[PDB]
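Each remark here refers to the structure printed beneath this line.
Number of protein chains: 2
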Amino acid sequence: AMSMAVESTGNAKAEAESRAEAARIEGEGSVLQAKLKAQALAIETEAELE
Amino acid sequence: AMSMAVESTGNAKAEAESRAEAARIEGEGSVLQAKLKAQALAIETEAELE
């Protein structure tokens, strides 16, 4: 039953830490990304008013 | 009956601990993920009203 735990949790864990870790990069990305769409769709919006 | 117990509780324990550990990771992740949506959907919405 002790190995049964190590195995069961240990698996679900690897799978979850993966999921969470992928999202971690994906989020840090959307920040850097939306921050670029910012300056972008703002240099666009400004010379659009002109 | 003592073995019957040790096995049954050990078997469901390893399973429910897995469940619990997965959502622990997932839940910790959702906090960091929403906190990155925060600054993301903020940076975006900010230079959107600008």
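If you're matching them up, the sequences are chains i and j in order. Counting in the entry's author numbering, the first sequence runs without a single skipped number right up to 760 at its last residue. Counting in the entry's author numbering, the second sequence runs without a single skipped number right up to 760 at its last residue. Cβ coordinates follow ideal geometry from the N, Cα and C atoms, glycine included.
Spatially closest choice to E731 of chain j from i:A726, i:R734 and i:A733, by CA coordinates: Within the second sequence, residue 731 of chain j is the residue found at index 21, counting from 1. For the residues i:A726, i:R734 and i:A733, the minimum Cα distance to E731 of chain j belongs to i:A726.
When j:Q743, j:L759, j:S728 and j:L746 are compared against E717 of chain i, the one with the closest alpha-carbon: For the purposes of this step, residue 717 of chain i is taken as the residue at position 7 of the first sequence. It is j:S728 whose Cα lies nearest to the Cα of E717 of chain i.
9 angstroms Cβ cutoff met for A752 of chain i and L742 of chain j: On the first sequence, position 42 is the one that residue 752 of chain i refers to. On the second sequence, position 32 is the one that residue 742 of chain j refers to. In this structure, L742 of chain j does not lie closer than 9 angstroms to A752 of chain i by Cβ.
C-alpha distance - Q749 of chain i paired with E756 of chain i, whole-angstrom precision: The residue given as residue 749 of chain i occupies position 39 in the first sequence. The residue given as residue 756 of chain i occupies position 46 in the first sequence. So the two alpha carbons sit approximately 10 angstroms from each other.
Straight-line Cα distance separating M714 of chain j from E738 of chain j: Here residue 738 of chain j refers to the residue found at position 28 of the second sequence. Here residue 714 of chain j refers to the residue found at position 4 of the second sequence. Their Cα atoms are separated by approximately 36 angstroms.
Alpha carbon of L746 of chain j to alpha carbon of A724 of chain i, nearest angstrom: As a first step, residue 746 of chain j must be located in the second sequence, where it is residue number 36. As a first step, residue 724 of chain i must be located in the first sequence, where it is residue number 14. Roughly 22 angstroms between the two C-alpha positions.
is_contact[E760 of chain i, chain j] using C-beta, thresh 9 angstroms: Sequence index remark: in the first sequence, residue 760 of chain i carries index 50 (1-based). False, the Cβ-Cβ gap to chain j never drops below 9 angstroms.
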